[PDB]
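Here's input-v5.txt, which has compact mmCIF, C-alpha atoms and all ligand atoms:
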```txt
# COMPACT_ATOMS: atom_id res chain seq x y z
CA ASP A 1 35.19 -23.12 69.26
CA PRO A 2 36.82 -24.44 72.49
CA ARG A 3 34.63 -22.16 74.71
CA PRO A 4 31.68 -23.52 76.74
CA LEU A 5 28.38 -23.49 74.86
CA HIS A 6 26.79 -20.80 77.09
CA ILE A 7 29.45 -18.25 76.17
CA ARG A 8 28.73 -18.45 72.42
CA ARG A 9 27.01 -15.77 70.36
CA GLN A 10 26.39 -15.39 66.63
CA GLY A 11 26.03 -11.65 65.95
CA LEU A 12 23.32 -10.35 68.41
CA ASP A 13 21.89 -13.86 69.04
CA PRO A 14 22.70 -16.91 71.10
CA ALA A 15 24.78 -19.35 69.05
CA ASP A 16 22.79 -22.05 67.24
CA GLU A 17 24.51 -24.84 69.12
CA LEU A 18 23.61 -23.21 72.46
CA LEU A 19 19.96 -22.75 71.29
CA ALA A 20 19.66 -26.36 70.13
CA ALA A 21 20.93 -27.93 73.38
CA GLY A 22 18.54 -29.50 75.79
CA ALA A 23 16.42 -27.68 78.34
CA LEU A 24 18.78 -29.11 80.95
CA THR A 25 21.89 -31.16 80.18
CA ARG A 26 25.39 -31.91 81.39
CA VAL A 27 28.53 -30.04 80.25
CA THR A 28 32.16 -29.98 81.37
CA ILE A 29 34.10 -26.76 81.45
CA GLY A 30 37.90 -26.92 81.33
CA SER A 31 40.38 -29.71 80.98
CA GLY A 32 42.75 -32.12 82.66
CA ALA A 33 42.90 -31.48 86.41
CA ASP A 34 40.78 -28.33 85.92
CA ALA A 35 37.84 -29.91 84.12
CA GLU A 36 34.48 -29.59 85.92
CA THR A 37 30.92 -30.78 85.29
CA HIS A 38 27.72 -28.69 85.58
CA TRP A 39 24.22 -28.83 84.48
CA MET A 40 23.32 -26.10 81.97
CA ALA A 41 19.69 -24.88 81.91
CA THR A 42 18.57 -23.14 78.71
CA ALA A 43 14.77 -23.42 78.99
CA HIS A 44 12.91 -20.40 80.34
CA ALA A 45 10.84 -22.44 82.89
CA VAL A 46 13.89 -24.33 84.10
CA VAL A 47 15.99 -21.20 84.64
CA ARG A 48 13.05 -19.64 86.51
CA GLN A 49 12.69 -22.76 88.72
CA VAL A 50 16.46 -22.97 89.50
CA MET A 51 16.87 -19.20 90.22
CA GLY A 52 13.59 -18.87 92.10
CA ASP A 53 14.03 -21.89 94.45
CA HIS A 54 16.71 -20.71 96.86
CA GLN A 55 15.65 -23.32 99.42
CA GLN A 56 16.92 -25.84 96.83
CA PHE A 57 19.63 -23.98 94.94
CA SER A 58 22.22 -22.01 96.83
CA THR A 59 24.48 -19.26 95.38
CA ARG A 60 27.37 -19.60 97.96
CA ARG A 61 30.93 -20.66 96.99
CA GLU A 62 35.01 -14.39 101.75
CA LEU A 63 33.67 -11.07 100.34
CA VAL A 64 31.56 -8.96 102.66
CA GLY A 65 28.76 -6.93 101.08
CA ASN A 66 28.60 -9.18 98.03
CA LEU A 67 24.86 -10.01 98.00
CA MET A 68 25.26 -12.70 95.38
CA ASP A 69 27.37 -14.72 97.79
CA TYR A 70 24.58 -15.21 100.29
CA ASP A 71 21.40 -17.14 100.73
CA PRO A 72 18.34 -16.22 102.71
CA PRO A 73 18.17 -15.49 105.76
CA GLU A 74 21.63 -13.87 105.68
CA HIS A 75 20.98 -12.56 102.15
CA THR A 76 17.62 -11.11 103.20
CA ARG A 77 19.10 -8.98 105.93
CA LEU A 78 22.01 -7.65 103.87
CA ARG A 79 19.82 -6.81 100.88
CA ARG A 80 17.34 -5.03 103.10
CA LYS A 81 20.15 -2.98 104.52
CA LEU A 82 21.38 -1.83 101.06
CA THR A 83 17.90 -1.26 99.54
CA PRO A 84 17.54 2.35 100.69
CA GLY A 85 20.07 3.47 98.14
CA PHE A 86 18.05 1.99 95.25
CA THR A 87 14.41 2.96 95.82
CA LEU A 88 12.30 4.15 92.88
CA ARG A 89 12.15 7.60 94.45
CA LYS A 90 15.99 7.79 94.68
CA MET A 91 16.05 6.78 90.97
CA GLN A 92 13.64 9.60 90.09
CA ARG A 93 15.93 11.96 91.98
CA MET A 94 18.90 10.71 89.93
CA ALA A 95 17.37 11.35 86.56
CA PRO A 96 18.53 15.03 86.15
CA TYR A 97 22.06 13.98 87.12
CA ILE A 98 22.13 11.07 84.69
CA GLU A 99 20.81 13.40 81.92
CA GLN A 100 23.74 15.84 82.60
CA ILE A 101 26.29 13.05 82.67
CA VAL A 102 25.07 11.67 79.30
CA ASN A 103 25.00 15.17 77.72
CA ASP A 104 28.49 15.95 78.96
CA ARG A 105 29.77 12.76 77.25
CA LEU A 106 27.76 13.50 74.09
CA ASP A 107 29.31 17.03 74.09
CA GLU A 108 32.83 15.56 73.93
CA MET A 109 31.91 13.26 71.11
CA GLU A 110 30.24 16.21 69.27
CA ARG A 111 33.36 18.26 69.73
CA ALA A 112 35.53 15.47 68.35
CA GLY A 113 33.41 15.48 65.20
CA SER A 114 31.99 12.70 62.92
CA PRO A 115 32.95 9.86 62.61
CA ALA A 116 33.74 8.93 66.16
CA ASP A 117 33.91 5.79 68.35
CA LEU A 118 30.70 5.66 70.41
CA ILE A 119 32.26 2.98 72.67
CA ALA A 120 35.23 5.13 73.83
CA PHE A 121 33.19 8.32 74.25
CA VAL A 122 29.94 7.04 75.67
CA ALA A 123 29.50 3.34 76.37
CA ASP A 124 32.70 2.96 78.41
CA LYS A 125 32.29 6.31 80.29
CA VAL A 126 28.66 6.77 81.26
CA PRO A 127 28.35 3.59 83.43
CA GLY A 128 31.14 4.57 85.71
CA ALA A 129 30.09 8.22 86.10
CA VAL A 130 26.52 7.14 86.91
CA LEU A 131 27.71 4.70 89.62
CA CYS A 132 29.96 7.46 91.08
CA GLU A 133 26.91 9.74 91.32
CA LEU A 134 24.87 6.88 92.92
CA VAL A 135 27.54 5.99 95.51
CA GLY A 136 28.22 9.70 96.31
CA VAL A 137 31.76 10.16 94.91
CA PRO A 138 32.40 13.96 94.55
CA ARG A 139 32.79 15.15 90.91
CA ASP A 140 36.47 16.09 91.09
CA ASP A 141 37.31 12.64 92.48
CA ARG A 142 35.61 10.49 89.85
CA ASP A 143 38.51 10.04 87.43
CA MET A 144 40.87 9.12 90.25
CA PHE A 145 38.22 6.88 91.91
CA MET A 146 37.65 4.97 88.69
CA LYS A 147 41.37 4.20 88.14
CA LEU A 148 41.59 2.82 91.67
CA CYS A 149 38.42 0.82 91.16
CA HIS A 150 39.61 -0.86 87.93
CA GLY A 151 43.25 -0.89 89.03
CA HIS A 152 42.85 -2.91 92.21
CA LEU A 153 41.59 -5.78 90.01
CA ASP A 154 43.93 -5.55 86.99
CA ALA A 155 45.52 -9.04 86.76
CA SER A 156 48.07 -7.46 84.39
CA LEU A 157 49.61 -5.54 87.35
CA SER A 158 52.11 -7.02 89.83
CA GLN A 159 51.03 -8.03 93.38
CA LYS A 160 52.83 -4.89 94.47
CA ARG A 161 50.81 -2.55 92.25
CA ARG A 162 47.42 -4.18 92.64
CA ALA A 163 47.98 -4.25 96.40
CA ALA A 164 48.94 -0.58 96.48
CA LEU A 165 45.86 0.48 94.47
CA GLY A 166 43.68 -1.79 96.56
CA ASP A 167 44.98 -0.31 99.84
CA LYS A 168 44.40 3.17 98.35
CA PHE A 169 40.85 2.29 97.21
CA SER A 170 39.83 0.92 100.66
CA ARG A 171 41.23 3.93 102.34
CA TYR A 172 39.27 6.25 100.02
CA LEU A 173 36.05 4.32 100.59
CA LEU A 174 36.42 4.02 104.34
CA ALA A 175 37.13 7.76 104.54
CA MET A 176 34.02 8.44 102.47
CA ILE A 177 31.87 6.23 104.72
CA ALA A 178 33.10 7.99 107.83
CA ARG A 179 32.39 11.38 106.29
CA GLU A 180 28.86 10.21 105.40
CA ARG A 181 28.14 8.93 108.94
CA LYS A 182 28.75 12.47 110.21
CA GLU A 183 26.65 14.28 107.60
CA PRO A 184 24.57 11.77 105.50
CA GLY A 185 24.07 12.86 101.86
CA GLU A 186 21.58 11.53 99.24
CA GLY A 187 23.97 8.93 97.85
CA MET A 188 23.76 5.21 98.46
CA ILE A 189 26.08 5.30 101.47
CA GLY A 190 24.23 8.23 103.04
CA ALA A 191 20.86 6.57 102.45
CA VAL A 192 21.96 3.35 104.21
CA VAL A 193 23.60 5.02 107.19
CA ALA A 194 20.69 7.44 107.63
CA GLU A 195 18.47 4.40 108.13
CA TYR A 196 20.77 1.88 109.86
CA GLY A 197 23.46 4.05 111.48
CA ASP A 198 26.18 2.01 113.22
CA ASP A 199 24.31 -1.22 112.41
CA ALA A 200 25.63 -0.90 108.88
CA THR A 201 29.27 -1.59 109.60
CA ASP A 202 32.28 -0.02 107.86
CA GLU A 203 33.15 -3.30 106.20
CA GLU A 204 29.59 -3.94 105.00
CA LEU A 205 29.43 -0.52 103.39
CA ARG A 206 32.88 -0.75 101.85
CA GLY A 207 32.02 -4.15 100.44
CA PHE A 208 28.64 -2.85 99.13
CA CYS A 209 30.49 -0.09 97.19
CA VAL A 210 33.01 -2.48 95.59
CA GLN A 211 30.24 -4.86 94.47
CA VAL A 212 27.94 -2.17 93.09
CA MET A 213 30.86 -0.68 91.11
CA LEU A 214 31.36 -4.07 89.63
CA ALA A 215 27.73 -5.07 89.09
CA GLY A 216 26.64 -2.02 87.16
CA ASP A 217 29.50 -1.32 84.77
CA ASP A 218 30.09 -4.08 82.18
CA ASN A 219 26.42 -4.96 81.80
CA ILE A 220 25.57 -1.32 81.05
CA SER A 221 28.45 -0.54 78.66
CA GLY A 222 27.62 -3.72 76.81
CA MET A 223 23.97 -2.71 76.53
CA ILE A 224 24.82 0.82 75.40
CA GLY A 225 27.07 -0.45 72.62
CA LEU A 226 24.97 -3.45 71.48
CA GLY A 227 21.82 -1.39 71.86
CA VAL A 228 22.93 1.39 69.49
CA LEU A 229 24.19 -1.32 67.02
CA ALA A 230 20.82 -3.19 67.21
CA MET A 231 18.80 -0.01 66.63
CA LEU A 232 21.00 1.23 63.75
CA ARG A 233 20.40 -2.22 62.17
CA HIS A 234 16.62 -1.83 62.61
CA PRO A 235 16.30 1.93 61.69
CA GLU A 236 12.48 1.80 61.40
CA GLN A 237 12.41 1.14 65.12
CA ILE A 238 14.45 4.15 66.18
CA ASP A 239 11.26 6.21 66.39
CA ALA A 240 10.56 4.44 69.68
CA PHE A 241 13.12 6.82 71.17
CA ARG A 242 11.54 9.86 69.50
CA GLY A 243 8.18 9.85 71.25
CA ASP A 244 6.86 9.58 74.75
CA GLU A 245 8.53 7.99 77.77
CA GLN A 246 6.42 4.77 77.72
CA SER A 247 7.60 4.18 74.21
CA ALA A 248 11.26 4.49 75.18
CA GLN A 249 10.88 2.38 78.30
CA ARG A 250 9.27 -0.41 76.30
CA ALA A 251 12.10 -0.20 73.70
CA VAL A 252 14.72 -0.41 76.45
CA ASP A 253 12.97 -3.51 77.95
CA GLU A 254 12.84 -5.16 74.54
CA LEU A 255 16.54 -4.42 73.89
CA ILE A 256 17.51 -5.83 77.26
CA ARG A 257 15.51 -9.02 76.53
CA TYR A 258 16.77 -9.35 72.98
CA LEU A 259 20.48 -8.76 73.71
CA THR A 260 20.63 -10.35 77.26
CA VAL A 261 24.21 -9.25 77.83
CA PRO A 262 25.00 -11.37 80.88
CA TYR A 263 25.80 -14.93 79.75
CA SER A 264 24.77 -16.40 83.13
CA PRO A 265 23.94 -15.49 86.75
CA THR A 266 25.89 -16.79 89.76
CA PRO A 267 26.14 -20.63 89.47
CA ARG A 268 23.52 -22.40 91.64
CA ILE A 269 24.38 -25.36 93.85
CA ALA A 270 21.77 -28.02 94.56
CA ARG A 271 21.45 -28.23 98.36
CA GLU A 272 19.95 -31.69 98.05
CA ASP A 273 18.77 -34.24 95.53
CA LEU A 274 15.89 -33.53 93.19
CA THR A 275 14.50 -34.28 89.74
CA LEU A 276 14.35 -31.34 87.43
CA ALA A 277 13.13 -31.50 83.84
CA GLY A 278 13.60 -35.26 83.90
CA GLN A 279 17.20 -35.12 85.08
CA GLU A 280 18.32 -36.40 88.45
CA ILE A 281 20.19 -33.57 90.17
CA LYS A 282 22.32 -34.52 93.16
CA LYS A 283 23.19 -32.67 96.35
CA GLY A 284 26.23 -30.55 95.47
CA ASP A 285 25.72 -30.36 91.69
CA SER A 286 26.41 -27.01 90.03
CA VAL A 287 23.86 -25.47 87.67
CA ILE A 288 24.67 -22.70 85.12
CA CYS A 289 21.63 -20.93 83.66
CA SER A 290 21.94 -19.47 80.13
CA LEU A 291 19.95 -16.24 80.40
CA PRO A 292 20.32 -15.50 76.65
CA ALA A 293 19.01 -18.98 75.70
CA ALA A 294 16.17 -18.68 78.19
CA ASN A 295 15.10 -15.30 76.70
CA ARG A 296 15.03 -16.91 73.25
CA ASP A 297 12.85 -19.89 74.45
CA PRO A 298 10.39 -20.65 71.48
CA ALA A 299 7.41 -20.93 73.78
CA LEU A 300 7.75 -17.27 74.69
CA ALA A 301 6.45 -15.95 71.30
CA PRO A 302 6.38 -16.96 67.56
CA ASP A 303 8.84 -14.13 66.81
CA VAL A 304 10.98 -14.32 69.99
CA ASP A 305 14.13 -14.29 67.82
CA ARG A 306 13.42 -10.86 66.33
CA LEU A 307 13.85 -7.41 67.85
CA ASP A 308 10.48 -5.64 68.00
CA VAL A 309 10.38 -2.62 70.28
CA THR A 310 6.59 -2.37 69.92
CA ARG A 311 5.75 -6.02 70.70
CA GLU A 312 3.52 -7.17 73.55
CA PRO A 313 6.19 -7.18 76.28
CA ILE A 314 7.78 -10.57 77.03
CA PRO A 315 8.78 -10.99 80.73
CA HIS A 316 12.52 -11.76 80.57
CA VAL A 317 15.15 -13.09 82.92
CA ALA A 318 17.97 -10.73 81.87
CA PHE A 319 17.82 -9.14 85.38
CA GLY A 320 17.59 -12.60 86.92
CA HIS A 321 14.64 -13.94 88.91
CA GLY A 322 14.00 -14.63 92.57
CA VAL A 323 15.46 -12.98 95.65
CA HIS A 324 18.63 -12.08 93.87
CA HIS A 325 16.77 -10.18 91.03
CA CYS A 326 19.00 -7.22 89.99
CA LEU A 327 18.93 -4.61 92.75
CA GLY A 328 19.98 -2.07 90.07
CA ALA A 329 17.28 -2.88 87.58
CA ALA A 330 15.42 0.44 87.93
CA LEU A 331 18.64 2.46 87.66
CA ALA A 332 19.70 0.34 84.62
CA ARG A 333 16.37 0.96 82.80
CA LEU A 334 16.57 4.70 83.61
CA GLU A 335 20.25 5.00 82.60
CA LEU A 336 19.77 3.17 79.26
CA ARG A 337 16.58 5.06 78.48
CA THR A 338 18.39 8.42 79.15
CA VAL A 339 21.36 7.44 76.95
CA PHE A 340 19.26 6.33 73.94
CA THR A 341 16.79 9.26 74.16
CA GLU A 342 19.44 11.96 74.44
CA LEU A 343 21.56 10.23 71.82
CA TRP A 344 18.92 10.33 69.10
CA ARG A 345 17.74 13.81 70.27
CA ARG A 346 21.31 15.12 69.68
CA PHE A 347 22.28 12.97 66.61
CA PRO A 348 19.03 12.38 64.72
CA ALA A 349 20.97 11.09 61.70
CA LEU A 350 23.30 8.77 63.58
CA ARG A 351 24.41 5.88 61.39
CA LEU A 352 27.30 3.45 61.20
CA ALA A 353 30.39 5.33 59.85
CA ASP A 354 31.16 2.22 57.73
CA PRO A 355 28.09 -0.09 57.25
CA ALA A 356 30.25 -2.79 55.57
CA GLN A 357 32.75 -3.16 58.40
CA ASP A 358 32.79 -6.23 60.60
CA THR A 359 31.47 -5.80 64.07
CA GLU A 360 34.07 -5.81 66.81
CA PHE A 361 32.51 -7.78 69.71
CA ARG A 362 33.83 -7.68 73.30
CA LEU A 363 34.31 -11.35 74.13
CA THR A 364 36.39 -11.12 77.33
CA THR A 365 33.93 -9.91 79.96
CA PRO A 366 31.03 -11.50 81.93
CA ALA A 367 28.73 -9.41 79.62
CA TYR A 368 28.54 -9.40 75.86
CA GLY A 369 29.23 -6.01 74.23
CA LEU A 370 31.30 -4.06 71.63
CA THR A 371 34.94 -3.03 71.90
CA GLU A 372 34.51 -0.27 69.34
CA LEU A 373 31.57 1.15 67.25
CA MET A 374 32.42 3.91 64.70
CA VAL A 375 29.44 6.11 64.15
CA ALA A 376 28.81 9.06 61.95
CA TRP A 377 26.33 11.92 61.91
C1 LIG B 1 21.65 -4.02 81.80
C2 LIG B 1 22.14 -4.02 83.03
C3 LIG B 1 22.12 -5.14 84.00
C4 LIG B 1 21.82 -6.39 83.85
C5 LIG B 1 21.37 -7.22 82.56
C6 LIG B 1 21.88 -6.96 85.21
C7 LIG B 1 21.76 -8.33 85.46
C8 LIG B 1 21.83 -8.90 86.79
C9 LIG B 1 21.52 -10.29 87.07
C10 LIG B 1 21.12 -11.38 85.99
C11 LIG B 1 21.54 -10.40 88.43
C12 LIG B 1 21.20 -11.69 89.20
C13 LIG B 1 22.41 -12.57 89.48
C14 LIG B 1 22.07 -13.90 90.19
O1 LIG B 1 20.87 -14.23 90.39
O2 LIG B 1 23.04 -14.62 90.55
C15 LIG B 1 21.81 -9.11 88.98
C16 LIG B 1 22.24 -8.86 90.25
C17 LIG B 1 22.61 -7.61 90.81
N1 LIG B 1 22.79 -6.47 90.10
FE1 LIG B 1 22.40 -6.15 88.15
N2 LIG B 1 22.26 -5.99 86.18
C18 LIG B 1 22.36 -4.88 85.42
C19 LIG B 1 22.70 -3.61 86.00
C20 LIG B 1 23.00 -3.30 87.33
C21 LIG B 1 23.29 -1.93 87.86
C22 LIG B 1 23.17 -0.59 86.96
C23 LIG B 1 23.47 -2.12 89.24
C24 LIG B 1 24.07 -1.28 90.19
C25 LIG B 1 23.75 -0.03 90.59
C26 LIG B 1 23.27 -3.52 89.51
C27 LIG B 1 23.47 -4.17 90.73
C28 LIG B 1 23.29 -5.56 90.99
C29 LIG B 1 23.42 -6.14 92.29
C30 LIG B 1 23.91 -5.37 93.57
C31 LIG B 1 23.02 -7.41 92.19
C32 LIG B 1 22.94 -8.43 93.35
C33 LIG B 1 21.52 -8.63 93.91
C34 LIG B 1 21.41 -9.75 94.94
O3 LIG B 1 22.24 -10.72 94.89
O4 LIG B 1 20.46 -9.69 95.78
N3 LIG B 1 22.97 -4.24 88.33
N4 LIG B 1 22.03 -8.15 87.97
```
Once more with this new file: its structure as structure tokens, please.
Ligand code: HEM
Amino acid sequence: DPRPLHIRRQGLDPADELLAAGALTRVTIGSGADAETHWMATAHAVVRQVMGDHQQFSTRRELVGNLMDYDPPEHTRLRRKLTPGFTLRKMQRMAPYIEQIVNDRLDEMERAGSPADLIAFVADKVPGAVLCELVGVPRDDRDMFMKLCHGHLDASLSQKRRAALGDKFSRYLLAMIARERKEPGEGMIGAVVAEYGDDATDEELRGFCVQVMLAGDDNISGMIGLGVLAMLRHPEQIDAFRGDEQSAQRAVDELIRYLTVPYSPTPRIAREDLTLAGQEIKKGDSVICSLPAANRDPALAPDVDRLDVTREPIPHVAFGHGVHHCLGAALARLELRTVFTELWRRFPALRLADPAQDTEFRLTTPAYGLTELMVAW
């Protein structure tokens, strides 16, 4: 394997080499004139210390509205400004909408008949539709909006195409923001402007939309796909999605902890010299935290390496830690819970279409996941 240790998985787990590295050690990513050195933190307490001490570890190093690029006090102000579109009450209001979105996708899969690819019908479609509903993109515009969203970032396209889709995407978003300023709706944009008005600038809001579209897509499709695969491999646990809501929420939390789809959060930069876990960190050093390794730290529980949806909950760092803790965490838990509950309500006998087949993992994104999952029912 020529890939960095923090990118390695073995099935649903961290790779053994990644798990056996030190709590904090040096690594070099890349070669020749590209090669760089970083510290990699794999221990739960070290990742919490690094991520939680923003006075000591900065996330900077332009993109307006990208919260991850700022440090307090600038971060604090921007995050406060976007928070109205993510309150727990706004999430409760979204639930009916997310249930309809999931059922519409399940309907298409049902119509296609067994066996069918759960990744193409559900995992890769729900995330985007849910974000469109959150942002406030009108139904009939979603398909078009999503091609612009993905398109303006497709490295495979020429400068001329990417640029054209990008100019089209900004124009769509800016037009949406101006519409919302006039008559604020319940979407994210409308919630922010209703509270801040002109203080939330056009560029801030446009940038917020781009970043949210990015932050809540890959992590969720990876969790939908790896989550169904994990449950089908532990069938006695599926009942956690066939009971009350508490039961399902606890199963979703355990799956997020067990699978930790993001390999690492934004790299942290030491803003000064310090000693951490016995190592001497110097002003300017870069630190990469392995969230998957941290959520498999042995001190967390004697059976931390197993999936147990009924265990005593283990606080995890899959949504990060500190001021940058996932702003979309509540929506993510709700979305995943809705997907898994409606899935097993509709397909009680869901199973792998071919139990012998090798698993097709998605190894090219910032989040682990599946590229295809054939299921039958
Ligand atoms: C299973 C799903 C998800 C996982 C595991 C997850 C994970 C993360 C992590 C680890 C961070 C912290 C990054 C850092 O400290 O550098 C974070 C940040 C963030 N996430 Fe999520 N996320 C998920 C879903 C979502 C969704 C559904 C939304 C969008 C509606 C969202 C929006 C964001 C935003 C805006 C930030 C930046 C917060 C800030 O910098 O203050 N995430 N997420």
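Distance annotation: of A:73, A:348, A:355, A:284, the residue with the minimal separation from ligand LIG 1 (chain B) is A:73; atom set is only C-alpha atoms and all ligand atoms.
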Hey, which of A:369, A:190, A:84, A:127 ends up closest to ligand LIG 1 (chain B)? Count only C-alpha atoms and all ligand atoms.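 Closest candidate: A:127.
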Counting all atoms listed in the file, the residue of A:234, A:61, A:316, A:333 that sits nearest residue 248 in chain A: A:333
Option closest in space to residue 98 in chain A, from A:133, A:1, A:303, A:236 [counting only C-alpha atoms]: A:133
Pick from A:136, A:72, A:262, A:65 nearest to residue 53 in chain A, counting all atoms listed in the file: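 Closest to residue 53 in chain A, using all atoms listed in the file: A:72.
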Can you tell me, as a VMD selection string, what residues are no more than 10 Å from residue 6 in chain A when counting only C-alpha atoms, ignoring any on the same chain fewer than 4 positions away? chain A and resid 14 to 15 17 to 19 21 27 40 to 42 263 to 264 288 to 293
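Atom to atom, CA of residue 51 in chain A and CA of residue 321 in chain A stand 5.9 Å apart.
Using only C-alpha atoms, every residue with an atom at most 10 Å from the point (11.4, -12.6, 71.4) is listed here: residues 254, 255, 257, 258, 295, 296, 297, 298, 299, 300, 301, 302, 303, 304, 305, 306, 307, 308, 311, 312, 313, 314, 315 and 316 of chain A.
Counting from CA of residue 357 in chain A, the distance to CA of residue 103 in chain A is 27.7 Å.
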Can you tell me, as an mmCIF file with C-alpha atoms, in the frame of the given file, which residues sit within 12 Å of (23.4, -2.6, 104.5) in the file's frame, using all atoms listed in the file?
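Below is the file out-v7.cif, written as the result:
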```
data_model
loop_
_atom_site.group_PDB
_atom_site.id
_atom_site.type_symbol
_atom_site.label_atom_id
_atom_site.label_comp_id
_atom_site.auth_asym_id
_atom_site.auth_seq_id
_atom_site.Cartn_x
_atom_site.Cartn_y
_atom_site.Cartn_z
ATOM 1 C CA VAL A 64 31.560 -8.960 102.660
ATOM 2 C CA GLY A 65 28.760 -6.930 101.080
ATOM 3 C CA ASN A 66 28.600 -9.180 98.030
ATOM 4 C CA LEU A 67 24.860 -10.010 98.000
ATOM 5 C CA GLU A 74 21.630 -13.870 105.680
ATOM 6 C CA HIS A 75 20.980 -12.560 102.150
ATOM 7 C CA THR A 76 17.620 -11.110 103.200
ATOM 8 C CA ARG A 77 19.100 -8.980 105.930
ATOM 9 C CA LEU A 78 22.010 -7.650 103.870
ATOM 10 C CA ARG A 79 19.820 -6.810 100.880
ATOM 11 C CA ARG A 80 17.340 -5.030 103.100
ATOM 12 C CA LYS A 81 20.150 -2.980 104.520
ATOM 13 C CA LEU A 82 21.380 -1.830 101.060
ATOM 14 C CA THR A 83 17.900 -1.260 99.540
ATOM 15 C CA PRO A 84 17.540 2.350 100.690
ATOM 16 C CA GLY A 85 20.070 3.470 98.140
ATOM 17 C CA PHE A 86 18.050 1.990 95.250
ATOM 18 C CA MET A 188 23.760 5.210 98.460
ATOM 19 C CA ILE A 189 26.080 5.300 101.470
ATOM 20 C CA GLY A 190 24.230 8.230 103.040
ATOM 21 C CA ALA A 191 20.860 6.570 102.450
ATOM 22 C CA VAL A 192 21.960 3.350 104.210
ATOM 23 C CA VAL A 193 23.600 5.020 107.190
ATOM 24 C CA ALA A 194 20.690 7.440 107.630
ATOM 25 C CA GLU A 195 18.470 4.400 108.130
ATOM 26 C CA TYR A 196 20.770 1.880 109.860
ATOM 27 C CA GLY A 197 23.460 4.050 111.480
ATOM 28 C CA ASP A 198 26.180 2.010 113.220
ATOM 29 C CA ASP A 199 24.310 -1.220 112.410
ATOM 30 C CA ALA A 200 25.630 -0.900 108.880
ATOM 31 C CA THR A 201 29.270 -1.590 109.600
ATOM 32 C CA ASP A 202 32.280 -0.020 107.860
ATOM 33 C CA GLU A 203 33.150 -3.300 106.200
ATOM 34 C CA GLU A 204 29.590 -3.940 105.000
ATOM 35 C CA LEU A 205 29.430 -0.520 103.390
ATOM 36 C CA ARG A 206 32.880 -0.750 101.850
ATOM 37 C CA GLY A 207 32.020 -4.150 100.440
ATOM 38 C CA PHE A 208 28.640 -2.850 99.130
ATOM 39 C CA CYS A 209 30.490 -0.090 97.190
#
```
Coordinates of range 124-159 of chain A, C-alpha atoms, as an mmCIF file, in the first residue's frame:
```
data_model
loop_
_atom_site.group_PDB
_atom_site.id
_atom_site.type_symbol
_atom_site.label_atom_id
_atom_site.label_comp_id
_atom_site.auth_asym_id
_atom_site.auth_seq_id
_atom_site.Cartn_x
_atom_site.Cartn_y
_atom_site.Cartn_z
ATOM 1 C CA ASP A 124 -26.209 8.351 -3.620
ATOM 2 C CA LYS A 125 -29.631 10.123 -3.959
ATOM 3 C CA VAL A 126 -31.028 10.802 -0.508
ATOM 4 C CA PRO A 127 -28.126 13.010 0.749
ATOM 5 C CA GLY A 128 -28.458 15.482 -2.037
ATOM 6 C CA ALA A 129 -32.265 15.703 -1.925
ATOM 7 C CA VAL A 130 -32.156 16.265 1.852
ATOM 8 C CA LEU A 131 -29.608 19.116 1.501
ATOM 9 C CA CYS A 132 -31.767 20.679 -1.271
ATOM 10 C CA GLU A 133 -34.753 20.636 1.110
ATOM 11 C CA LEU A 134 -32.569 22.138 3.912
ATOM 12 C CA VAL A 135 -31.140 24.944 1.740
ATOM 13 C CA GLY A 136 -34.584 25.714 0.189
ATOM 14 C CA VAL A 137 -34.083 24.576 -3.436
ATOM 15 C CA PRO A 138 -37.581 24.179 -5.047
ATOM 16 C CA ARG A 139 -38.480 20.550 -5.971
ATOM 17 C CA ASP A 140 -38.470 20.992 -9.753
ATOM 18 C CA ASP A 141 -34.973 22.514 -9.583
ATOM 19 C CA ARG A 142 -33.221 19.810 -7.575
ATOM 20 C CA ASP A 143 -31.957 17.629 -10.421
ATOM 21 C CA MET A 144 -30.584 20.644 -12.276
ATOM 22 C CA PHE A 145 -29.150 22.144 -9.038
ATOM 23 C CA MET A 146 -27.321 18.931 -8.214
ATOM 24 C CA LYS A 147 -25.615 18.685 -11.650
ATOM 25 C CA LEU A 148 -24.370 22.245 -11.263
ATOM 26 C CA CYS A 149 -23.221 21.546 -7.734
ATOM 27 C CA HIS A 150 -21.157 18.457 -8.671
ATOM 28 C CA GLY A 151 -20.261 19.830 -12.097
ATOM 29 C CA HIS A 152 -18.534 23.015 -10.983
ATOM 30 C CA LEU A 153 -15.993 20.791 -9.192
ATOM 31 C CA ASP A 154 -15.493 17.951 -11.708
ATOM 32 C CA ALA A 155 -11.709 17.914 -12.372
ATOM 33 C CA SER A 156 -12.498 15.708 -15.387
ATOM 34 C CA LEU A 157 -14.083 18.737 -17.163
ATOM 35 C CA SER A 158 -12.125 21.433 -19.031
ATOM 36 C CA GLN A 159 -11.565 24.914 -17.487
#
```
